[PDB]
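Engineer: here goes the first bit of my complex:
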Amino acid sequence: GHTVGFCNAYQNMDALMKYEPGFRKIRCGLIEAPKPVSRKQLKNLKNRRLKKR
Amino acid sequence: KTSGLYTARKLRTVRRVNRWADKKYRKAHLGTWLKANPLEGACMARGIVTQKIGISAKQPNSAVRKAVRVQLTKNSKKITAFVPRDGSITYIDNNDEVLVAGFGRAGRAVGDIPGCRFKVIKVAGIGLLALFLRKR
């Protein structure tokens, strides 16, 4: 039963949106998980971009 | 012995010159052994067996100890290595890769095998011990 954990009690709603780390906000479901890119897809696109503009 | 407060240099020089007198230090630190050893500082080495030969036992034991003439790939130096265990020469065939490792006497020869400085450990990439126990 014994558990150890930490609580961030934001005085107002905005401070949970701003001061808190973003992953913790999606982990409470406040935002909807987006599909970003594959990182390799970002880097390979940046490398094709670097050859042109 | 030299006994002066200012005789440190002489004492250091004597140790440096006298240290090489012990045979084991000369084998270890001269560097002649590192060039000569068919296994150059390696625990063991791979080779191809040109000839399967048996070396007659030195006295007083009488036996045809079974050996292989192997050409080590790293130095292209042909060597003789004992194939250990009973009737295990059968697994070795000429033109077959083998791994040869020392006899535990640091380049010396053990017991009645005359001039044998190493033992085969693995033939065709399979350990000799495993084959004799029929593990593989």
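Structural biologist: Now that the structure is in, tell me what you want to look at. Numbering: from 1, shown residues only, chains lettered A, B, ... in the order given.

Engineer: burial of residue 7, as a residue count?
Structural biologist: I went with chain A, as the question did not name one. Residues near residue A:7, counting by other CB atoms under 10 Å in any protein chain shown, number 4. To be clear about C-beta, it is placed using only N, CA and C from the backbone, and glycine gets the same treatment.

Engineer: chain B is the one I meant
Structural biologist: 12.

Engineer: same question, the one 5 residues further on
Structural biologist: By the measure other CB under 10 Å, the count of residues near residue B:12 is 10.

Engineer: that one should be in a strand, yeah?
Structural biologist: No: counting by DSSP: H, G, I helix; E, B strand; the rest coil, residue B:12 falls outside a strand, being helix.

Engineer: residue B:2 versus that one, what's the distance?
Structural biologist: To residue B:2, residue B:12 is 11 Å away according to CB to CB, to the nearest Å.

Engineer: residue contacts, the nearest residue to residue B:56 once chain neighbours are set aside?
Structural biologist: Closest residue to residue B:56 apart from its sequence neighbours, by CB to CB, 6 or more residues apart in numbering or on different chains: residue B:64 at 6.4 Å. Taking CB atoms under 8 Å, 6 or more residues apart in numbering or on different chains, we find residue B:64 in contact with B:54-57.

Engineer: mark which of these are buried, thanks.
Structural biologist: residue B:55 (16 or more other CB atoms under 10 Å in any protein chain shown).

Engineer: would CSV of the contacts of residue B:64 with distance to residue B:107 and secondary structure be doable?
Structural biologist: What follows is the contacts of residue B:64, written out as CSV (distance: CB to CB, whole Å; DSSP: H, G, I helix; E, B strand; the rest coil):
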residue, distance to residue B:107, secondary structure
B:54, 22, strand
B:55, 17, strand
B:56, 22, strand
B:57, 21, coil
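
Engineer: and the contacts of residue B:64, which is closest to residue A:14?
Structural biologist: Distance to residue A:14 across the contacts of residue B:64 (CB to CB) is lowest for residue B:55, with 89.5 Å.

Engineer: chain C goes on too:
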Amino acid sequence: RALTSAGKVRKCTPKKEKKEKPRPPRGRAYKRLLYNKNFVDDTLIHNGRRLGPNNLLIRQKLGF
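Structural biologist: Putting chain C together with the chains above:
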């Protein structure tokens, strides 16, 4: 009157299937059983006096 004969003995040795053996107790249980072989019981290792673990006299009191 005494190279081709590799395995003169190993090839010609009678094959004996190993005796059925009940699985021994492993771990501290083996340490307990070794403690029970000599330090406790004492009757197994005794011919009336302290004796070797594989004595022929100890055998036959242990069966084999």
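
Engineer: since we added chain C, can you redo the contacts of residue B:64?
Structural biologist: Contacts for residue B:64 (CB under 8 Å, 6+ apart) come out as B:54-57, C:3.

Engineer: and these, which two are furthest apart?
Structural biologist: Greatest spacing in the contacts of residue B:64, by CB to CB: B:57 and C:3 (12.5 Å).

Engineer: how many other residues sit next to the residue in chain A that chain C sits nearest to?
Structural biologist: In chain A, the residue that lies nearest chain C is residue A:2 (30.8 Å; CB to the nearest CB). Residues near residue A:2, counting by other CB under 10 Å, number 3.

Engineer: just the one 4 residues further on next, same as before
Structural biologist: Using other CB under 10 Å, residue A:6 has 4 other residues around it.

Engineer: so it, which of the three states?
Structural biologist: Under three-state DSSP, residue A:6 comes out as coil.

Engineer: check the gap between it and chain B for me.
Structural biologist: For residue A:6, the distance to chain B equals 53 Å [CB to the nearest CB, to the nearest Å].

Engineer: which residues touch the residue of chain B found nearest chain C?
Structural biologist: At 2.6 Å from chain C, residue B:87 is the closest residue in chain B, using CB to the nearest CB. By CB under 8 Å, 6+ apart, the contact list for residue B:87 reads C:6-8, C:10-11.

Engineer: number of nearby residues for the closest residue to chain B within chain C?
Structural biologist: Minimum separation of chain C from chain B (CB to the nearest CB) falls at residue C:7, amounting to 2.6 Å. Residue neighbour count, defined by other CB under 10 Å, stands at 15 for residue C:7.

Engineer: quick one: it is in a strand?
Structural biologist: No: using three-state DSSP, the secondary structure at residue C:7 is coil, not a strand.

Engineer: so who does it touch?
Structural biologist: B:86-87, B:90.

Engineer: please apply the same query to residue B:78.
Structural biologist: Contact analysis of residue B:78 by CB under 8 Å, 6+ apart lists B:50, B:69-72.

Engineer: which among these end up buried?
Structural biologist: For those, a burial check counting by 16+ other CB under 10 Å picks out B:69-70, B:72.

Engineer: to the structure above, add chain D:
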Amino acid sequence: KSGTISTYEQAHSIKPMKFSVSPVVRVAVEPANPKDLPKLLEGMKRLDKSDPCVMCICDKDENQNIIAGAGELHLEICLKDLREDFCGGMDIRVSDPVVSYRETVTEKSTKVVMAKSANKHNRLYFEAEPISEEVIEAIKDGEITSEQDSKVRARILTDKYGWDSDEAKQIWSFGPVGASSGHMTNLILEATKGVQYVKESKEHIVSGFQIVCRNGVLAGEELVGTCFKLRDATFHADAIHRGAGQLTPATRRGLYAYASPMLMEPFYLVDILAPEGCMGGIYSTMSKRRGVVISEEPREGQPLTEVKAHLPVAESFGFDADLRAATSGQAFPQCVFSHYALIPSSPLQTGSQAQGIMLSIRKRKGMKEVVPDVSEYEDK
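Structural biologist: Take a look at chain D, now in place beside the chains above:
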């Protein structure tokens, strides 16, 4: 070469069957540099991965690496590959593989032969007897094996093979290194009590047999189908004068290997199958290569008719192309392997094929030339 992969754990394998002949055309690759012998074997493995119709094997008898190809052009195509693409260049010499041979005694020996030892204190009298094929077939089958109680094989030999019952019981050992064809037998036994030293001397007559049976008197090839009979012997009382050094050489002169030759013969053969629709090339090629076609079975369901021809291994080189040309690439020599057969000519005669083939063997192995006489190593 080929493999099967399954994500399913419990799935069976798939296998192929290349109709195009087999690795029939064989050649021995040998490096110019002995220190280039490790990189040859390495690039042969890689060349084996390339095509199933090529292989890379060592002949078991002479430890000679052999690359066998399915066509004369395909062996060259794989020799060019092995020469440069594999082994990255390097020097390698193709040659025909050496054909292995066996020696056999053909008839009972003319007379018992004495073998005085170096001490001159011990004498050995021997007779050479060819084993009957039916006994040899049972040796191969295992009805009579070295690894048996002495008496059980004796009953078999006397009760089926018409052997002398006492001789069958006294058989000392089988030959060569293994217990194949080749037997050593003891004396009459009335004089065994009278010989008095054979029991201690048995390990010398056994070790001499293990040598002679490995190397025949004619050309150093393995002896086969022979029974060596110590019809008689006289030995010194002391064991100082009776030892391996004294009696094992005396035994080898007395047994056979130039020392005891009486009737001798060399051996070799192989078997070829040809699916072929046209048998005209089949007969002409076999007749030239000295082979004989012993079979001709039409496949009942197909135009092609399969034949089987016993072909000498020595004359097999060249026949594959000859058969393609004798036919027109319609005939496919398939698998080639089999037993050994008696050479018709005798190694004793001069103009005989045998004495030519026999002298070539000791010239190849560098032993010596022309067997001169039993007198060279026989004591009268």
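
Engineer: the neighbour count of residue A:7 again please, this time with chain D.
Structural biologist: That count, for residue A:7 with other CB under 10 Å as the rule, works out to 4.

Engineer: tally up the residues packed near the residue in chain D positioned nearest to chain B, please.
Structural biologist: Here chain D gets closest to chain B at one residue, residue D:63, 4.1 Å apart by CB to the nearest CB. Residues lying near residue D:63 (other CB under 10 Å) number 15.

Engineer: shouldn't it be within a helix?
Structural biologist: No: read with three-state DSSP, residue D:63 is coil and lies in no helix.

Engineer: distance check, it against chain C.
Structural biologist: The gap separating residue D:63 from chain C is 15 Å, by CB to the nearest CB.

Engineer: can you tell me the SS state at the residue nearest to that residue when sequence neighbours are not counted?
Structural biologist: Spatial nearest neighbour of residue D:63, excluding adjacent residues (CB to CB, 6+ apart): residue B:94 at 4.1 Å. In three-state terms, and counting by three-state DSSP, residue B:94 is coil.

Engineer: what's the local residue count around residue B:94?
Structural biologist: Residues near residue B:94, counting by other CB under 10 Å, number 17.

Engineer: what's the answer for the one 5 residues further on, then?
Structural biologist: Counted by other CB under 10 Å, the residues lying close to residue B:99 total 18.

Engineer: ok, what's across the strand from it?
Structural biologist: Beta bridges link residue B:99 to residue B:46, residue B:122, judged by DSSP bridges.

Engineer: which residues sit in contact with it?
Structural biologist: Counting by CB under 8 Å, 6+ apart, residue B:99 has contacts B:44-47, B:120-122.

Engineer: where along the chain do the helices fall?
Structural biologist: Since no chain was named, I'll use chain A. With DSSP state H as the criterion, chain A has helices at A:14-17, A:22-26, A:40-51.

Engineer: chain C was what I was after
Structural biologist: Counting by DSSP H, the helices of chain C are C:28-34.

Engineer: next, the buried residues of stretch C:48-64.
Structural biologist: By 16+ other CB under 10 Å, the buried positions in stretch C:48-64 come out as residue C:58.
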